[PDB]
Amino acid sequence: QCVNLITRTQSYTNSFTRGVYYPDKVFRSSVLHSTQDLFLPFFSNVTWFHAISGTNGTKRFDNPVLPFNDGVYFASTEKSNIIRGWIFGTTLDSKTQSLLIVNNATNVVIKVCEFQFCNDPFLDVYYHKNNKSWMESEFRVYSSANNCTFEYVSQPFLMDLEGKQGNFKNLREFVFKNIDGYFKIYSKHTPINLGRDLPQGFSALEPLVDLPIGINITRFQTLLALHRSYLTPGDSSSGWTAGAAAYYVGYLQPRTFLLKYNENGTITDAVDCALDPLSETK
Amino acid sequence: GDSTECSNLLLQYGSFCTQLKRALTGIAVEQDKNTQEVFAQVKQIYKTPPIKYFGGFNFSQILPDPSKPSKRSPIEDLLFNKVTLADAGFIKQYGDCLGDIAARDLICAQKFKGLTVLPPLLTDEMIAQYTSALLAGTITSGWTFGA
Amino acid sequence: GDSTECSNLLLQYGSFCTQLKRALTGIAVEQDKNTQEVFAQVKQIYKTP
Amino acid sequence: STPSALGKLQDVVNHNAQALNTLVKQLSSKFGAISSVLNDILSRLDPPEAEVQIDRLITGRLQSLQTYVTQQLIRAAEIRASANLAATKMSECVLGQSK
Amino acid sequence: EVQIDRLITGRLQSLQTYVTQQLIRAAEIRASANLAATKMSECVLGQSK
Amino acid sequence: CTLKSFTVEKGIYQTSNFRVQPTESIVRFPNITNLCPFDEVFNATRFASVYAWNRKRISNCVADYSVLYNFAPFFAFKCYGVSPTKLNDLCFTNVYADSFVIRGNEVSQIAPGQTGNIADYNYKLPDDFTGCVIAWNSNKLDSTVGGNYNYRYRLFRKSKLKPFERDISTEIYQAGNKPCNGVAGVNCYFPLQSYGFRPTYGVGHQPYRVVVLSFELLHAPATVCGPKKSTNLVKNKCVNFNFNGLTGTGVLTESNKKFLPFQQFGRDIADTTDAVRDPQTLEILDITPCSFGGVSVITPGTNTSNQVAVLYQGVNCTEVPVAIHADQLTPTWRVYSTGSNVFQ
Ligand SMILES: *[C@@H]1O[C@H](CO)[C@@H](O)[C@H](O)[C@H]1NC(C)=O
Ligand SMILES: *[C@@H]1O[C@H](CO)[C@@H](O)[C@H](O)[C@H]1NC(C)=O
Ligand SMILES: *[C@@H]1O[C@H](CO)[C@@H](O)[C@H](O)[C@H]1NC(C)=O
């Protein structure tokens, strides 16, 4: 059965200078090299989907499947106990290939398959005392899975810290893009002090993975998990507990960028060209 | 670069390389001639007197500084610092005189691309010495040293 | 002309346009300098009696 | 204090440096060839077919070198005019009193 | 694309020749303008011997 | 010889350029070596139709071209961006093997950047295709006495296909209110057509298997490499090197650069390879081409003397021993000898 469980509310925030990443894996140092790539334009809109998960009163669906456009930029402050992956696809059905990314507490699984599921994807996890380690069932939450074609396993992208400061530090800036047959996914995790949203400053998104598929994506979705204290009961309001599963979404656009690599070969600064006349002059 | 085939096919094109080398050699000897015509306007090098008193006109900032090794004047030092420097063929055992790894490598890359800067015939020290001779002649001799 | 198809091939030849535009801009600012040096030899405008 | 006091000599240095940088960037220009690295072209195509590509690259780089040398000659004539002016100024203002 | 490349090379060479001849005659104009500034200083702003 | 005269006047003449020649050739590859699945391409029972061209990905292998060394009766190795004999000298990354079966005479329609009905509605090759095409007759297996009409090509589409684009949408283009219902007529044309593989047709019109090999060269970490013999590397010695297809000459010193784990090539302001990661052991080494510089001859007039001095411009005196010095040539007093008389 498909059940919506999130209190998705859309607010608008500033993009600032977030989303900068590495174009290609070519070391460069002390160079103001200029590129022409898809990027999150400076000072754009951010659709902050502020929400509380585990809310049984939201049975009817109230969250849309966000589009992909020219590359979705993502940010959040949720641990693997709350947000557990991402979904991509053109029609998000068994007719077109659906890409599922799952971030287990011990590993990461990336799959491309004709998964059948509704517009409310989630993963309910709990360690019942019978076995102390309960494994989720694909057939229960997900209706079907046919002609799986790709599989990849690695270390977790979410090295979540148990501390609240570390929980806020989990800025999983996972830029997703598909160009030249490459589905490039980047990542970051900043020890920046806790705030309210993406802060000031700069952070280059190192290339986390370059999946060799690079197919077009029409819709983008966020995979959330129902956070629990592992002692709560099952299917009840006193079961899946309320949790602020806030996640922000932005969109990339083609743009010329002027980068700035530091001594260690990392992008330490970047400017958009068409933001304002000062940017074009620079 | 170092490819033999490209050089052989460049030979098929005639002698633009010879003409360009001749033109650049003319430019270089022209630079040396310019320096000689501007600065080397006196046969003799003139030494400023040890006691540098000239009626109150203080030339200390334009006269050479005996303290610093460069012997340039303080104004000359300011001018040297203000302008971006250039290679001067330092002996660093780098194979290409001066160079470093992960540093100001623009000159090194230019050299490795075939572009080279030849040192002036008169070193900056000897150019400064020529200027010091000119200034000493002007201060002590006036205009009579140029005729 | 008004064509991107030619511009894509045009940018392949490098920064030749940068050099040409820089040379022309230098020529123009040199014309301004010429007029300023020939005519603007004073910074006070004098009224004819 | 003022950084624009020595603008003329810094402009001369910047002109030389940017001419050299333009020459260097001409290496990356393909000029209609399949690539811009001679070693890669030679390792990819045999001389009978690589001759056309290397000839296009040679023509492009030779045009770049010739334009560089011609503009160097023009600005060297400018520098020679300025140096003749400097020699005249040393003769008439330094070696004498010009009226 | 080949024909447009040929036309681009031709027009670029024409423009480059135009810019070089403008540079040469601009050096000529600059020599004449330096002479004119000298004449303004020594004939108009003074008496030249 | 340079002055084109027998009398040479007193002066310095820029004679030539001296470059210390390389000492040895060293070729490197990752220590892992695997048989590339190229054979499975040539061992495939059948290839997909041209409208639904089969695509295979080749990566993380060593290019074992023995299949085209021993048994290569293929008619055209029509390589475009590379020479067929040079494949062993270069490494590739993310190799794409497209494959289909077409008419033999239609090869001119699959030329790089060519335009045609199949090139617009079946399979558009890019205008800058950097790869090869291998075509060979398939009448032995892909032809039938009754007519091999199984292969079908998409004859018509509303818009031209993009380069390297596959479209399997079979929606009809109804230009009017009349429903097609499979009827060919007014405002209703089927977008697919069976191949005319009639037995009476001779060669050229018969089915031929075509494999298009597309390569992207050296801008990404290499995954497909040649079968060349991996050797050892030496430091501070100007040697030839072929690092995964990157050919050059120079010294390979130990680099103190802080490469990020995903980074392979380091580049300077002149965007040329200044450092490289050894494919066998992932460590970064700095590349520096061996010393070189101008060589000028300082001589008095040949009317006066015949002894000459030599200036090596901008080079440390530790790179002098080339084949002009007395230690490398016969002890003749015409030019220079004694080993000494070196001034930095
Ligand atoms: C397998 O993939 C094809 C796409 O080529 C798709 O049409 C099909 O539905 C998938 N599943 C099966 C069982 O063939
Ligand atoms: C960056 O490089 C500097 C030296 O240039 C070094 O001290 C510093 O530790 C480096 N930073 C990192 C994160 O490695
Ligand atoms: C003569 O000149 C010296 C310096 O050369 C100076 O110290 C001295 O006072 C002068 N004598 C005079 C002006 O009577």
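Read-outs throughout are calculated quantities, based only on the coordinates presented, and are distinct from any laboratory measurement. All Cβ positions, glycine included, derive from the backbone under ideal geometry; neighbour counts span all protein chains shown.
When the Cα centres of region B:24-53 and region B:58-128 are compared, how far apart do they sit, in Å?
Here the answer is 18 Å between Cα centres.
List the trypsin sites (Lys or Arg not before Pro) in region F:88-166 that DSSP assigns to loop (not H, G, I, E or B) and whose Cβ has at most 16 other Cβ atoms within 10 Å. Which are they?
Numbers: sites: F:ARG103, F:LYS124, F:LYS140, F:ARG152, F:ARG154, F:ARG157, F:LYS158, F:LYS160, F:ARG166; in loops: F:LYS140, F:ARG157, F:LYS158, F:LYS160, F:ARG166.
Answer in residue order: F:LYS140, F:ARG157, F:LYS158, F:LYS160, F:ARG166.
Which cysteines in chain F lack any other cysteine whose Cβ sits under 4.7 Å from their own Cβ?
If one checks each Cβ against the other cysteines of chain F, F:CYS1, F:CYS317 turn up with nothing under 4.7 Å.
Rounded to the nearest 500, what is the 222 nm mean residue ellipticity of chain A from helices alone, with -39500 (n - 2.57) per DSSP H run of 4+ residues and division by all residues?
-1000 deg cm²/dmol
Inside 10 Å of the C-beta atoms of F:313-326, what's the mean count of C-beta atoms belonging to other chains?
The shielding value for this peptide is 2.
How far apart, in nm, are the 7 Å Cα→Cβ label points at B:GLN93 and F:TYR69?
4.6
Report, ordered by chain and residue number, the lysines lying within cross-link reach of F:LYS10, taken as a straight Cα distance under 30 Å and ignoring same-chain residues fewer than 8 apart.
B:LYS21, B:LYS33, B:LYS43, B:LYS111
Of the peptides A:164-175, D:76-87, how do they stack up when ordered by the mean number of other Cβ atoms within 10 Å, highest first?
Highest-to-lowest ranking by the protection proxy: A:164-175, D:76-87.
Just tell me the longest site-free run in chain F, where the sites are chymotrypsin sites (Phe, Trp or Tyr not before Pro) in a DSSP loop having at most 10 other beta-carbon atoms within 10 Å.
F:72-332
Could you tell me the extents of region B:20-76's C-alpha atoms along the three principal axes, largest first, rounded to whole Å?
Principal-axis extents of the Cα atoms in region B:20-76, largest first: 53, 24, 17 Å.
For chain F, what does the helix formula give at 222 nm: sum of -39500 (n - 2.57) over DSSP H segments with n ≥ 4, over the residue count, nearest 500 deg cm²/dmol? Write out the running numbers ahead of the final one.
Working: 3 runs with 15 residues, N = 344.
Calculated from helices alone, the mean residue ellipticity at 222 nm is -1000 deg cm²/dmol.
Mind checking D:28-40 for the average number of partner chain beta-carbons within 10 Å of each residue's beta-carbon?
Mean shielding by partner chains, rounded to a whole number: 5.
Specify the inter-centroid distance of region E:26-47 and region F:1-36, based on alpha-carbon positions, in whole Å.
53
Ignoring solvent entirely, what values of log10 I(q)/I(0) come out of the Debye formula for region F:251-339 at 0.12, 0.15, 0.17, 0.20 Å⁻¹ when each Cα is a single scatterer?
-0.60, -0.73, -0.81, -0.96
Compute all pairwise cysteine Cβ distances in chain A, then list the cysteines with no distance under 4.7 Å to another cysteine.
A:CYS273, each lacking another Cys Cβ under 4.7 Å.
Just give me a number: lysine pairs in chain D, eight or more positions apart or cross-chain, with C-alpha atoms less than 26 Å apart. Before the final figure, lay out each step's value.
On the way: D:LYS8/D:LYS25; D:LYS8/D:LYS89; D:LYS8/D:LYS99; D:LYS89/D:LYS99.
Going through chain D pair by pair, I get 4.
Less than 16 Å apart at the alpha-carbon level, and either on another chain or at least 8 residues along: which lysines does that give for F:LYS229?
F:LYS86
Taking the Cα centre of the protein assembly as shown as origin, work out the dipole magnitude from +1 charges on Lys and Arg Cβ and -1 charges on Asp and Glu Cβ, in debye rounded to 20.
It comes to approximately 900 debye.
Taking the 0 to 90 degree range and rounding to the nearest ten, how far is the long axis of helix E:2-39 tilted relative to the main principal axis of chain E, both from C-alpha atoms?
0
Label D:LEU73 and A:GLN116 with points 7 Å out from Cα along Cα→Cβ: what is the distance between them in nm?
Each label point is offset 7 Å from its Cα along the Cβ direction, giving 7.9 nm.
How big is the Rg/Rh ratio for chain C, C-alpha atoms only, Rh by Kirkwood, two decimals?
Looking at chain C, the ratio lands at 1.38.
Angle check, please: helix C:16-39 long axis (alpha carbons) against the longest principal axis of chain C (alpha carbons), in degrees 0 to 90, nearest 10.
Rounded to the nearest ten degrees, it is 10.
What FRET efficiency, computed as 1/(1 + (r/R0)^6) with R0 = 45 Å and r the Cβ-Cβ distance, is obtained for A:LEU231 and A:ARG196, rounded to the nearest 0.05?
For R0 = 45 Å, the calculated efficiency reads 0.90.
When the scattering of the protein assembly as shown is computed by the Debye formula from its Cα atoms alone, each counted once and equally, what is log10 I(q)/I(0) at q = 0.05, 0.07, 0.10 Å⁻¹?
With one equal scatterer per Cα and no solvent, log10 I(q)/I(0) is -0.46, -0.84, -1.39.
Using the basic label-point model (7 angstrom from Cα toward the beta carbon), what is the F:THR144 to F:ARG157 distance in nanometres?
Modelled inter-label distance: 2.7 nm.
If you take the C-alpha gyration tensor of region F:240-284, multiply each eigenvalue by 5 and take the square root, what semi-axes do you get, largest first, in whole Å? Can you show the working numbers first?
Working: eigenvalues 48, 38, 22 Å².
Taking √(5λ) for each eigenvalue gives 16, 14, 10 Å, largest first.
Can you give the % of DSSP beta bridges in the protein assembly as shown that are antiparallel, to the nearest 5? Display every interim value, and only then the final one.
Working: 117 of 131 bridges.
Antiparallel: roughly 90 percent of the beta bridges in the protein assembly as shown.
Can you figure out the FRET efficiency of E:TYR18 with F:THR85, using R₀ = 45 Å and their beta-carbon distance, to the nearest 0.05?
With a Förster radius of 45 Å, E is 0.45.
Angle, helix D:47-89 long axis vs. longest principal axis of chain D, Cα atoms, 0 to 90°, nearest 10?
0
Sorted from largest down, give the three principal axis spans of the alpha carbons of chain E, whole angstrom values.
64, 13, 6
Take every residue in peptide F:259-266, count the Cβ atoms of other chains within 10 Å of its Cβ, and give the average of those counts.
Average neighbour count from other chains, rounded to a whole number: 6.
If you take the C-alpha gyration tensor of chain B, multiply each eigenvalue by 5 and take the square root, what semi-axes do you get, largest first, in whole Å?
41, 21, 10
Under 15 Å between alpha carbons, and skipping anything fewer than 8 positions from A:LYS184 in its own chain: which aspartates and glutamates qualify?
A:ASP24, A:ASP37, A:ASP70, A:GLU173, A:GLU206, A:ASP210
Apply the Karplus parameterisation 6.51 cos²θ - 1.76 cosθ + 1.60, with θ equal to phi minus 60°, to every residue of region A:104-112 and state each ³J(HN,Hα) to the nearest whole Hz, in sequence, with x for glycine and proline.
Values, residue by residue: 5, 5, 10, 7, 10, 10, 10, 9, 10 Hz.
Using R₀ = 35 Å, calculate the FRET efficiency as 1/(1 + (r/R₀)^6) where r is the Cβ-Cβ separation of F:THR338 and D:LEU6; round to 0.05.
Numbers: r = 50 Å, r/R0 = 1.42.
With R0 = 35 Å, the Cβ-Cβ based efficiency is 0.10.
What ranking, highest mean first, results for peptides D:3-9, F:55-61 when packing means the other Cβ atoms within 10 Å averaged over each residue?
My ranking of the peptides, most packed first, is F:55-61, D:3-9.
Just from the alpha-carbon atoms, what are the Rg and Dmax of chain A in angstroms?
Reported Rg and Dmax, both Å: 19.3, 66.
For chain D, what does -39500 (n - 2.57) per DSSP helix run (n ≥ 4), summed and divided by total residues, give at 222 nm, in deg cm²/dmol to the nearest 500?
Estimated from H runs of four or more residues: -25500 deg cm²/dmol.
Would you please calculate the Kirkwood hydrodynamic radius of chain D over all C-alpha pairs and express it in Å, rounded to one decimal?
Radius from the Kirkwood sum: 17.0 Å.
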